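**Student:** Next up is a structure, given as structure tokens.
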Amino acid sequence: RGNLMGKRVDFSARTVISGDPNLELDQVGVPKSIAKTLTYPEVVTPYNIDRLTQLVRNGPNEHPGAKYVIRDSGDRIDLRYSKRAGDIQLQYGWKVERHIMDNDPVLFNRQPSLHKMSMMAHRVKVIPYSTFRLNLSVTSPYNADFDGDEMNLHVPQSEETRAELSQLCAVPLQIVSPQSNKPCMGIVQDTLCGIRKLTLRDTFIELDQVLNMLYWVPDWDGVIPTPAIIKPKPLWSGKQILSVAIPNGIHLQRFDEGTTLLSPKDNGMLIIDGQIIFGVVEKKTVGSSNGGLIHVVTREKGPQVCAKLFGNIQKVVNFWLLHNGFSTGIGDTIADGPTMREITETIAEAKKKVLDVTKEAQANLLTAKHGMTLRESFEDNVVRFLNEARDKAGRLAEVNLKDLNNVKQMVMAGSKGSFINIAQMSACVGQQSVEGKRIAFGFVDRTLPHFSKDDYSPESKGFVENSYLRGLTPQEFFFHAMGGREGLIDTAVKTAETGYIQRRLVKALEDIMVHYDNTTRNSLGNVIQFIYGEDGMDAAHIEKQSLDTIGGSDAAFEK
Amino acid sequence: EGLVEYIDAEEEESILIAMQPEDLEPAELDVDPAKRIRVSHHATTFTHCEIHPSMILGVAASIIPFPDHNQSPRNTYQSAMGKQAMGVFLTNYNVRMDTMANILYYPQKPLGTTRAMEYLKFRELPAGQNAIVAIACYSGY
Amino acid sequence: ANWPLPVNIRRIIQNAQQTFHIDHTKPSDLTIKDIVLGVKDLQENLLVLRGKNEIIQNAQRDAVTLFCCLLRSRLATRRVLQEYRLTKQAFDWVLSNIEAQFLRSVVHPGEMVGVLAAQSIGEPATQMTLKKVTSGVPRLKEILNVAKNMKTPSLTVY
Amino acid sequence: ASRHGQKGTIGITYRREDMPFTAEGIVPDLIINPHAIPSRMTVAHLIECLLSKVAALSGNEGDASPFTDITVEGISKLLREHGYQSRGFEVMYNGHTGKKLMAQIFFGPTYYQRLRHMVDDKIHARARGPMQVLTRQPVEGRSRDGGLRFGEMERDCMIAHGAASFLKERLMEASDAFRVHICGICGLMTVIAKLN
Amino acid sequence: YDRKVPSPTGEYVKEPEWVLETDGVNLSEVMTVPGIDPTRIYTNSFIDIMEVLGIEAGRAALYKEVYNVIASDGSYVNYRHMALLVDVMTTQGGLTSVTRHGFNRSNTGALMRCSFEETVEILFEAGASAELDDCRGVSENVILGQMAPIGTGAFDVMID
Amino acid sequence: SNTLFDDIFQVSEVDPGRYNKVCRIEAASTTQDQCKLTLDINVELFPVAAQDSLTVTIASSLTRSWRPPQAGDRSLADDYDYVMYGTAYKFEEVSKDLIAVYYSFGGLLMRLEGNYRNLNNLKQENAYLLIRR
Amino acid sequence: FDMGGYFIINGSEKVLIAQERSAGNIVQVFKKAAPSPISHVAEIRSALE
Amino acid sequence: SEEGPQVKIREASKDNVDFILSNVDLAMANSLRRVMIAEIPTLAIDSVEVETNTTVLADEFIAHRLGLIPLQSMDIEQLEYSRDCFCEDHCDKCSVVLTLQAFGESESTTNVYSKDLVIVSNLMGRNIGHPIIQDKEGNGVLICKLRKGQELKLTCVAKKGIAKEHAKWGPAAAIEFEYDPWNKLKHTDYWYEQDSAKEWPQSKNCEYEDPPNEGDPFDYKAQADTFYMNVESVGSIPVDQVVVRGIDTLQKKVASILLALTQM
Amino acid sequence: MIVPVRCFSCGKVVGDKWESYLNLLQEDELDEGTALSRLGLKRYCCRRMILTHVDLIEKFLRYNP
Amino acid sequence: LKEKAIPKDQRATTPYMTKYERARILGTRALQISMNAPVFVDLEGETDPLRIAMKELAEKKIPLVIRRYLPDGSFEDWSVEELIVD
Amino acid sequence: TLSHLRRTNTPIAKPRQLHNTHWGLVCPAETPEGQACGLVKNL
Amino acid sequence: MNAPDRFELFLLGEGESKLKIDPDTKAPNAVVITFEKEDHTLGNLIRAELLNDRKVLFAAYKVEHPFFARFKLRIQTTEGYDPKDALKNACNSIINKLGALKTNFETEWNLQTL
RNA sequence: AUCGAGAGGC
Ligand SMILES: [Mg+2]
Ligand SMILES: [Zn+2]
Ligand SMILES: [Zn+2]
Ligand SMILES: [Zn+2]
């Protein structure tokens with residue numbers, strides 16, 4: 001398991017990672033020193049010899065360079081310590097261990113290797129600083145983050161090996177995931193929020209901004225688009241300049257909520273021939289979602305156009321965001337005083353419900369539903385009441401939150417944020433749960449020594465009325481800490497359990513491949529399935545299709 | 001003098017505690033909405049009152065600013081980070097010869113400190129700098 | 001109505017409308033015979049297996065059945081002439097594009113489907129984290145280890 | 001890292017002219033994304049920004065102690081007394097252009113920590129290198145200038161791509177390829193070979 | 001349970017229906033009981049469905065539970081992968097565990113077998129049983145350090 | 001090369017749809033009861049107050065890279081105070097013998113319904129819109 | 001500022017870590033598993049002082 | 001006076017000058033600010049060699065501190081970049097050589113202020129290399145503290161430089177930039193809880209510009225030609241010379257571009 | 001360890017201020033903010049450098065060698 | 001054993017080149033080009049062996065046969081010219 | 001330094017979870033994420 | 001360890017011209033100039049002054065990477081009007097404005113008395 | 001070389 005299935009390998013590297021908006025998606029920011037260490041064997045040919053000579057002339061310590069040279073006899077020549085680094089004459093058929101150079105095939109990997117996507121071919125981009133550098137859109141397949149995550153790079157050593165990396169393992173090829181029949185990678189974080197803000201109808205961009213934005217697109221035609229508004233002042237919608245990034249011949253239709261063709265909300269998306277007609281770009285439009293723009297461009301235009309599309313969208317949207325700006329503060333978490341008073345009276349009404357149900361239980365008047373303990377029924381009622389109170393207060397806060405509030409804007413774009421975050425940050429974090437129920441009495445008939453015995457009130461049982469802004473009370477803090485401790489324990493255990501599950505799954509199905517007869521088989525030859533997937537189709541090619549015949553009235557079907 | 005006692009976990013089961021001294025006060029409306037909602041204790045016959053609730057936290061947690069306003073896992077993470085944080089570990093470092101030692105050029109006392117920090121000596125021997133920080137989208141890096 | 005199958009008819013239809021610049025007011029150039037017989041011939045043209053023997057031919061027909069239902073639904077003579085006006089050229093182009101895309105969509109021999117399947121189940125499981133039913137990772141462990149005794153056996157009665 | 005669980009690394013270093021600036025000319029020492037904030041609910045980080053600003057202008061300390069009845073509204077009242085917006089938002093101008101930033105930016109002093117993790121120690125690269133004797137495989141660790149492990153899980157990942165030649169070169173020529181002599185009748189490497 | 005059923009006009013319409021859920025499973029007895037539809041009855045336990053309704057029903061139930069596990073988180077996996085795992089368990093007569101006992105026990109190559117678990121016991125029994133490894137399996141070639149019959153290695157290449 | 005359509009409308013209502021700079025406008029053609037117009041308009045460039053009556057025109061021209069119009073030496077084709085460029089997304093029949101045309105001026109959305117414009121306002125990439133107070 | 005609490009062995013400052021353990025001479029009743037011959041068990045951990 | 005950019009200096013001092021940069025385009029204001037921050041040359045220590053160090057602080061700490069110390073650079077244009085002169089390592093027209101020596105004779109702690117630094121190099125009659133002293137006491141920046149029995153001796157070679165190579169060579173501390181105080185251009189969208197006006201404090205510069213009138217519409221054509229600035233100097237170069245030398249450095253860059261075209 | 005020469009944010013020299021600031025607090029019992037205002041530091045970025053500083057030089061001096 | 005070969009007639013394997021097939025053919029051709037082998041396509045500004053192999057694939061000039069293998073052991077041979085690339 | 005000098009290790013039916021009896025006798029937050037989370041706690 | 005020397009930001013390297021002029025492909029009367037060892041300071045001013053000229057149709061500067069001190073200016077002008085001439089006129093206008101600013105500021109400062 | 005401990009990521 002440790003020396004044959006896996007082994008330490010030469011020509012490997014590891015480094016902390018950071019992300020470059022200006023780096024291309026397939027490119028990887030290999031640091032210069034790492035390239036100086038890593039060598040690829042290149043046989044001298046009439047086509048390359050000149051460069052090779054200069055490389056050997058340039059030397060191992062400065063890149064582009066070479067560390068060693070191999071003769072036909074095979075005696076290595078170490079350029080670092082040799083009297084002959086200068087006089088070398090390269091006879092044909094000799095080998096040069098050249099440094100790793102720009103636009104070379106490499107492999108980039110993150111150590112939880114749960115995916116074919118987790119190890120992907122990348123193009124070398126030698127860079128000054130010491131960090132490995134990668135595009136934002138490539139984070140999702142690796143699940144990488146820039147908190148300090150380290151990543152590994154492996155250098156192919158033969159032309160066939162390089163060909164396999166480039167022709168099968170390349171980032172563009174894996175853009176559509178065979179799993180989940182949807183793209184792996186999409187627009188994330190600042191690009192997403194900025195794309196929403198730019199696509200808004202109110203967003204307009206002047207000729208200076210438009211001009212520099214147009215230049216920022218690498219494959220720009222050189223034709224300035226006709227302004228959306230021409231008379232009072234020449235003005236361009238953000239949708240127009242964004243369209244400049246969209247390749248021609250791309251059509252997208254999406255209807256959500258009240259998506260009238262008039263679309264007052266600016267909801268839904270309509271794109272014709274690489275131009276956007278109406279809508280606001282968000283995660284569903286521009287993310288890894290099925291039916292996403294990435295899916296369409298990968299399927300019609302090709303993978304390379306889609307990778308360049310990632311790059312161009314990032315460049316334009318990042319420029320506009322950089323000059324528009326974005327921020328998040330406490331005032332985003334703060335909600336209106338009237339809204340706060342309505343939230344607190346909502347919580348109080350839930351408390352009144354709990355007290356009345358408790359008193360009815362004390363009178364034994366309550367009737368247990370079939371199949372549950374009377375105490376079980378009491379717990380279910382109280383838990384549901386408090387959860388509903390928390391959700392209602394959060395929804396009240398969401399209504400109060402303005403369109404200017406930045407947490408709302410992140411939610412609308414979908415980069416980060418959720419309803420629960422606003423609810424806990426502004427209105428009520430809620431009731432914590434340990435092992436399934438409300439907090440138990442570790443002490444005798446009391447959850448904490450400060451509480452009286454035999455108290456099942458929400459305060460005793462771990463419901464935290466206060467919000468994070470409002471400030472947790474001591475008892476609330478302890479109960480919250482208990483819940484968080486359970487969360488961390490579950491995380492630590494779940495990772496190990498899932499690792500075992502994945503290893504057993506892989507070991508069971510490792511032999512399974514589609515043979516030339518299309519029969520799914522193993523080494524013994526036993527046929528697991530005669531046609532792979534029962535249709536013999538690759539799932540990345542597969543997309544959602546609507547079958548109109550199955551649905552509808554017989555009269556409508558006839559008509 | 002008997003003004004204070006030492007109570008273990010098993011002896012606690014018999015005792016009833018109040019978080020605030022102000023809890024043991026006569027009870028009689030208009031309150032600041034921003035102040036955290038505190039439940040009326042609805043209890044009497046207190047044996048004891050807690051010295052300070054913040055005493056439940058450890059040394060690393062007492063470094064954390066406003067932990068009552070943050071979710072617990074983040075507080076745990078930071079408590080793990082203070083061990084990683086560089087700073088002036090001791091004054092005799094120049095005299096001492098440790099296998100490895102890291103020390104900030106210009107250590108700075110935090111602008112916002114815990115009361116407990118006084119007994120932690122963190123202000124006397126800090127481990128961070130009060131950097132002027134902007135939360136913004138800029139250049140995408 | 002919505003299920004995952006190869007080839008997107010909607011995009012092909014819009015691509016035909018844009019590429020050949022169809023105008024709706026002009027009547028079509030397509031005889032009904034052409035539309036119907038071409039749909040049938042295209043059904044004969046989408047191939048997953050090549051064998052001469054009848055069991056392989058039946059396997060091919062069985063494999064392509066649902067896709068052929070989708071084609072017949074979307075390539076309906078009333079729709080092809082009314083819902084989206086289609087000149088003859090556009091309809092032949094649609095047939096050619098559908099066949100080419102379908103041929104591209106077939107799994108390549110030599111793909112390691114088992115390793116990919118194991119990885120494809122494993123990755124979402126790592127994401128799973130959190131009303132009395134065994135669920136999530138414990139349920140998955142029970143399912144994979146063919147657990148004789150289950151924490152939450154249950155019977156739904158219809 | 002910040003005091004509220006906000007880990008991070010330097011993506012880039014920017015000179016003062018390139019950095020955004022307030023009307024006072026104050027330039028941020030550090031830039032953090034808003035996006036990291038909503039998911040982790042680290043409100044106290046924001047509160048600390050506000051309170052540290054008020055303390056720096058006041059010349060008095062800031063009480064960040066737990067279970068203290070200090071309200072965001074009151075600290076904001078003090079900040080407004082000092083002539084800044086209550087929530088700490090500050091009008092900022094792009095350094096590259098001088099154009100006003102459309103979004104007012106959360107600006108404030110916040111305590112930050114330099115963690116023990118620095119890149120140049122982490123950086124490692126081997127190419128050809130020393131080999132452990134028993135396995136004939138590469139040695140382990142940066143300190144020994146070792147070779148990174150190609151995990152069996154990573155090998156499965158490679159199998160998913162089908163790059164058999166890359167896997168063989170990684171697992172034979174890169175690590176521990178060796179030539180042995182066998183006899184069919186033995187079936188084992190019992191052969192004694194005098195090569196020269 | 002709300003259900004979708006064809007209306008006489010043909011459009012699918014809501015069909016609310018009372019449905020029972022039981023703590024235990026004795027399926028062989030339950031289906032014969034009157035007042036129920038024996039066709040639609042479902043047991044969450046695959047083994048009881050397999051013993052009562054044959055192996056094919058067990059395969060369907062195996063898939064159904066795996067799909068429910070994926071769907072609770074909202075995650076989606078294509079039918080082919082989950083199906084493939086279900087087949088790997090179902091094809092060899094009965095449900096075969098993904099454990100040492102079960103899938104690892106097979107006529108599969110001894111080196112591939114030893115790679116998972118119980119390595120030395122498998123190798124010892126192979127020595128005693130005089131098993132001969134075809135070396136068709138991938139793990140055998142990885143141990144052999146030879147290009148696996150995988151992807152690019154599936155087809156031999158020769159001059160024209 | 002010539003004007004495709006012209007009319008004079010009176011605004012039924014103006015609605016700021018969660019936008020500070022853009023208001024949706026719904027208007028009825030004066031002198032015609034069969035023609036209605038909805039249109040998203042930047043109010044800051046051109047204030048569009050309710051109960052005002054505005055002249056509206058749609059022309060095919062008056063492509064190559066846009067250029068600033070010298071010092072106005074190139075002849076303005078616009079006495080009107082407000083002008084936009086857009087492409088029509090959909091053409092629909094509200095009822096038989098009654099047409100409706102959907103235009104998009106880079107995101108600001110217009111709908112125009114009547115039966116008169118059978119021979120003009122054909123589906124085209126170019127449709128300049130010109131509004132006079 | 002140094003507070004001690006550590007030993008110096010071979011010049012290395014080694015600190016003793018506290019170990020948690022269940023108290024002796026405490027009597028506790030523990031329900032046996034449902035599939036077990038015996039229903040309940042009462043356990044005491046007797047150690048001299 | 002002359003047509004073009006017009007300035008009106010509201011208040012002035014040797015450290016702070018405050019003016020209104022009327023009738024200029026924004027790009028010029030931004031570029032001038034960047035040049036002032038970075039591009040103006042100044043003299044600062046780029047080499048320290050320590051013969052004796054008994055101080056508790058390490059040598060590199062003190063070298064960084066010495067680099068930060070401000071020194072007079074009025075005649076720095078007469079001084080020549082060490083990378084621009086032919087000196088083997090340094091010479092008198094390129095470098096200014098200083099030495100520092102201090103012993104803790106006093107039982108009390110002896111401080112090392114920047115006034116203790118002295119010049120070994122030959123000045124050749126340029127106002128160069130004198131440490132800036134603004135303290136009322138006349139003592140300089142406190143470089144180090146020395147107990148009795150402790151001494152430090154070193155030599156510092158100060159060189160001409162630009163802030164883009166290191167922040168020490170920067171001549172300006174904090175430049176204040178404001179335009180459109182009433183936000184008539186609407187260049188920023190205010191973030192308001194209830195009302196922007198009460199929440200956002202008034203700028204002082206707001207009084208100079210005429211207040212907005214609610215009735216009038218937004219002027220789309222309007223662009224900002226009036227800018228309000230305040231320039232602060234560390235004292236190595238006076239404020240007036242700081243702004244003028246920034247102007248001249250920017251125009252020199254532009255002229256170099258023109259000359260490069262002519263060569264091409 | 002010792003008072004920074006200049007604020008990291010502005011670059012304004014702060015090395016002149018420290019001693020005076022201390023004496024200003026002791027001589028006239030000033031409030032720390034008022035002392036900062038008299039010392040010419042009116043921006044919180046430069047103010048933090050004097051408030052947050054803990055002069056660890058003094059302990060280092062006390063060690064005899 | 002002996003002559004366990006499918007006739008070229010009645011071959012049922014996919015006429016289209018598999019991704020792995022193209023990749024291995026291109027890699028082998030790139031290797032031989034890199035080791036001083038003759039090139040059967042005119043080159044217009046190409047020095048990379050892989051780019052030469054791709055151009056040759058467009059020409060269909062690469063002489064090689066892909067031997068598709070079947071679980072029964074019977075082998076079907078398709079020349080690069082016969083195979084269809086898309 | 002201080003946290004190491006005030007640390008407990010429990011060698012090893014729910015030890016990891018924070019217990020109500022752990023109120024004021026150990027820190028709720030301080031614990032190492034990983035295999036030993038909850039097993040090792042600080043006073 | 002890997003960091004570039006700071007002098008590269010303002011010192012021209014070996015074999016590097018300050019300006020390199022290349023015609024735009026697929027765009028008429030357009031040129032892309034690579035300003036080496038220069039920053040936003042120069043590019044923004046050049047672009048704005050170019051915009052003030054009526055003949056210039058396109059003027060934009062892009063910083064291909066924040067790491068490297070280079071910026072690209074693309075210029076499109078009317079036919080018969082050389083973009084190089086437009087650049088020269090814009091730069092010279094900038095210089096004249098800077099000189100006028102210097103003189104006016106000198107006057108104002110000499111009036112100032114403190 | 002073993003053993004042991006501590007930290008980093010998901
Ligand atoms: Mg991470
Ligand atoms: Zn033998
Ligand atoms: Zn010299
Ligand atoms: Zn400052």
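Residue names in the structure tokens use chain letters A, B, ... in the order shown, residue numbers from 1 in each chain, and ligand numbers from 1 in the order shown.
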Identify all residues of region 57-240 of chain H in helix (DSSP H, G or I) (DSSP on the backbone) and supply them as an mmCIF file with N, CA and C atoms, in the first residue's frame.
**Tutor:**
```
data_model
loop_
_atom_site.group_PDB
_atom_site.id
_atom_site.type_symbol
_atom_site.label_atom_id
_atom_site.label_comp_id
_atom_site.auth_asym_id
_atom_site.auth_seq_id
_atom_site.Cartn_x
_atom_site.Cartn_y
_atom_site.Cartn_z
ATOM 1 N N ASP H 59 21.834 44.243 14.755
ATOM 2 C CA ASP H 59 22.400 45.231 13.840
ATOM 3 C C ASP H 59 21.426 45.596 12.726
ATOM 4 N N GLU H 60 20.748 44.600 12.152
ATOM 5 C CA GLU H 60 19.856 44.854 11.023
ATOM 6 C C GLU H 60 18.667 45.714 11.435
ATOM 7 N N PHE H 61 18.179 45.519 12.662
ATOM 8 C CA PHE H 61 17.150 46.385 13.229
ATOM 9 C C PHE H 61 17.596 47.843 13.168
ATOM 10 N N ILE H 62 18.798 48.115 13.677
ATOM 11 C CA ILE H 62 19.312 49.476 13.708
ATOM 12 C C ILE H 62 19.550 49.998 12.296
ATOM 13 N N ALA H 63 19.983 49.133 11.375
ATOM 14 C CA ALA H 63 20.203 49.575 10.000
ATOM 15 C C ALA H 63 18.897 50.006 9.341
ATOM 16 N N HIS H 64 17.830 49.234 9.551
ATOM 17 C CA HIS H 64 16.518 49.623 9.049
ATOM 18 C C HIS H 64 16.080 50.954 9.654
ATOM 19 N N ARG H 65 16.278 51.108 10.966
ATOM 20 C CA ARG H 65 15.941 52.367 11.622
ATOM 21 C C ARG H 65 16.709 53.530 11.010
ATOM 22 N N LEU H 66 18.012 53.344 10.780
ATOM 23 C CA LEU H 66 18.839 54.393 10.193
ATOM 24 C C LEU H 66 18.369 54.740 8.789
ATOM 25 N N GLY H 67 17.974 53.729 8.016
ATOM 26 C CA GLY H 67 17.385 53.999 6.718
ATOM 27 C C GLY H 67 16.162 54.891 6.821
ATOM 28 N N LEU H 68 15.339 54.679 7.854
ATOM 29 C CA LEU H 68 14.138 55.498 8.013
ATOM 30 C C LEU H 68 14.431 56.954 8.388
ATOM 31 N N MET H 74 17.807 68.875 -0.166
ATOM 32 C CA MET H 74 17.465 70.011 -1.019
ATOM 33 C C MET H 74 18.294 70.010 -2.295
ATOM 34 N N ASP H 75 19.616 69.925 -2.156
ATOM 35 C CA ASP H 75 20.530 69.918 -3.287
ATOM 36 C C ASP H 75 20.748 68.518 -3.839
ATOM 37 N N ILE H 76 19.787 67.613 -3.632
ATOM 38 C CA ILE H 76 19.942 66.227 -4.063
ATOM 39 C C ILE H 76 20.057 66.134 -5.575
ATOM 40 N N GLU H 77 19.509 67.112 -6.299
ATOM 41 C CA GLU H 77 19.655 67.116 -7.749
ATOM 42 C C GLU H 77 21.112 67.288 -8.152
ATOM 43 N N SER H 114 19.217 61.154 16.808
ATOM 44 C CA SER H 114 19.790 61.305 15.475
ATOM 45 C C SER H 114 20.714 62.512 15.376
ATOM 46 N N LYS H 115 20.646 63.441 16.334
ATOM 47 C CA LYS H 115 21.597 64.545 16.355
ATOM 48 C C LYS H 115 23.019 64.061 16.603
ATOM 49 N N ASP H 116 23.183 62.873 17.195
ATOM 50 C CA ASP H 116 24.511 62.335 17.469
ATOM 51 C C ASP H 116 25.252 61.940 16.199
ATOM 52 N N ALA H 167 10.746 52.825 0.886
ATOM 53 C CA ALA H 167 9.902 53.879 1.439
ATOM 54 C C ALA H 167 10.697 54.975 2.141
ATOM 55 N N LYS H 168 11.958 54.719 2.499
ATOM 56 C CA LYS H 168 12.757 55.751 3.155
ATOM 57 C C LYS H 168 12.962 56.951 2.240
ATOM 58 N N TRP H 169 13.235 56.698 0.958
ATOM 59 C CA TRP H 169 13.535 57.751 -0.003
ATOM 60 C C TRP H 169 12.320 58.605 -0.343
ATOM 61 N N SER H 196 -28.772 59.756 4.207
ATOM 62 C CA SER H 196 -27.349 59.917 3.924
ATOM 63 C C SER H 196 -26.796 61.197 4.540
ATOM 64 N N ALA H 197 -27.570 62.284 4.496
ATOM 65 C CA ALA H 197 -27.062 63.584 4.927
ATOM 66 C C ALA H 197 -26.697 63.580 6.408
ATOM 67 N N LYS H 198 -27.605 63.103 7.262
ATOM 68 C CA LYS H 198 -27.313 63.078 8.692
ATOM 69 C C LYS H 198 -26.225 62.062 9.017
ATOM 70 N N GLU H 199 -26.213 60.929 8.310
ATOM 71 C CA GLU H 199 -25.262 59.868 8.626
ATOM 72 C C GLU H 199 -23.846 60.228 8.189
ATOM 73 N N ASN H 205 -14.272 71.210 3.139
ATOM 74 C CA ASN H 205 -14.185 71.733 1.780
ATOM 75 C C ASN H 205 -15.561 71.980 1.177
ATOM 76 N N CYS H 206 -16.600 71.329 1.711
ATOM 77 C CA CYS H 206 -17.960 71.551 1.233
ATOM 78 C C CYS H 206 -18.334 73.025 1.271
ATOM 79 N N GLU H 207 -17.775 73.786 2.217
ATOM 80 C CA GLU H 207 -18.159 75.191 2.308
ATOM 81 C C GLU H 207 -17.648 75.995 1.118
ATOM 82 N N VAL H 239 7.875 71.657 1.566
ATOM 83 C CA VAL H 239 6.620 71.284 0.908
ATOM 84 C C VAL H 239 6.530 71.882 -0.494
ATOM 85 N N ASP H 240 6.877 73.163 -0.637
ATOM 86 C CA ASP H 240 6.813 73.801 -1.946
ATOM 87 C C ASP H 240 7.735 73.098 -2.928
#
```
**Student:** Among region 92-141 of chain B, which residues carry a DSSP assignment of strand (DSSP E), reported as a list in words?
**Tutor:**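 The residues of region 92-141 of chain B classed as strand (DSSP E) are residues 112, 113, 128, 129, 130, 131, 132, 133, 134 and 135 of chain B.
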**Student:** Restricting it to N, CA, C and O atoms, dump the selection as a PDB file, in the first residue's frame.
**Tutor:**
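Result file result.pdb:
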```
ATOM      1  N   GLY B 112      -8.074  47.123  21.327  1.00  0.00           N
ATOM      2  CA  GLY B 112      -9.168  46.570  22.100  1.00  0.00           C
ATOM      3  C   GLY B 112      -8.736  45.347  22.881  1.00  0.00           C
ATOM      4  O   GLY B 112      -8.369  44.330  22.288  1.00  0.00           O
ATOM      5  N   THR B 113      -8.773  45.425  24.209  1.00  0.00           N
ATOM      6  CA  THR B 113      -8.259  44.363  25.060  1.00  0.00           C
ATOM      7  C   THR B 113      -9.327  43.872  26.026  1.00  0.00           C
ATOM      8  O   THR B 113     -10.242  44.611  26.402  1.00  0.00           O
ATOM      9  N   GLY B 128       0.915  40.827  18.217  1.00  0.00           N
ATOM     10  CA  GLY B 128       0.335  41.280  16.970  1.00  0.00           C
ATOM     11  C   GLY B 128       0.506  42.774  16.812  1.00  0.00           C
ATOM     12  O   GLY B 128       0.931  43.476  17.732  1.00  0.00           O
ATOM     13  N   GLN B 129       0.171  43.256  15.618  1.00  0.00           N
ATOM     14  CA  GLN B 129       0.248  44.673  15.296  1.00  0.00           C
ATOM     15  C   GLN B 129      -1.139  45.170  14.915  1.00  0.00           C
ATOM     16  O   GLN B 129      -1.912  44.450  14.278  1.00  0.00           O
ATOM     17  N   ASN B 130      -1.459  46.397  15.324  1.00  0.00           N
ATOM     18  CA  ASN B 130      -2.782  46.976  15.083  1.00  0.00           C
ATOM     19  C   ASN B 130      -2.832  47.573  13.677  1.00  0.00           C
ATOM     20  O   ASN B 130      -2.867  48.787  13.476  1.00  0.00           O
ATOM     21  N   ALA B 131      -2.869  46.688  12.688  1.00  0.00           N
ATOM     22  CA  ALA B 131      -2.748  47.140  11.310  1.00  0.00           C
ATOM     23  C   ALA B 131      -4.014  47.864  10.868  1.00  0.00           C
ATOM     24  O   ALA B 131      -5.130  47.458  11.200  1.00  0.00           O
ATOM     25  N   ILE B 132      -3.837  48.957  10.129  1.00  0.00           N
ATOM     26  CA  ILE B 132      -4.980  49.619   9.513  1.00  0.00           C
ATOM     27  C   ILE B 132      -5.473  48.741   8.371  1.00  0.00           C
ATOM     28  O   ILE B 132      -4.762  48.527   7.383  1.00  0.00           O
ATOM     29  N   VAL B 133      -6.690  48.223   8.503  1.00  0.00           N
ATOM     30  CA  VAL B 133      -7.241  47.252   7.573  1.00  0.00           C
ATOM     31  C   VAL B 133      -8.449  47.861   6.873  1.00  0.00           C
ATOM     32  O   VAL B 133      -9.244  48.591   7.482  1.00  0.00           O
ATOM     33  N   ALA B 134      -8.551  47.590   5.576  1.00  0.00           N
ATOM     34  CA  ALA B 134      -9.705  47.950   4.769  1.00  0.00           C
ATOM     35  C   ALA B 134     -10.335  46.679   4.227  1.00  0.00           C
ATOM     36  O   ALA B 134      -9.632  45.821   3.681  1.00  0.00           O
ATOM     37  N   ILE B 135     -11.648  46.558   4.374  1.00  0.00           N
ATOM     38  CA  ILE B 135     -12.392  45.440   3.808  1.00  0.00           C
ATOM     39  C   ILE B 135     -12.932  45.910   2.462  1.00  0.00           C
ATOM     40  O   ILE B 135     -13.895  46.678   2.399  1.00  0.00           O
TER      41      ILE B 135
END
```
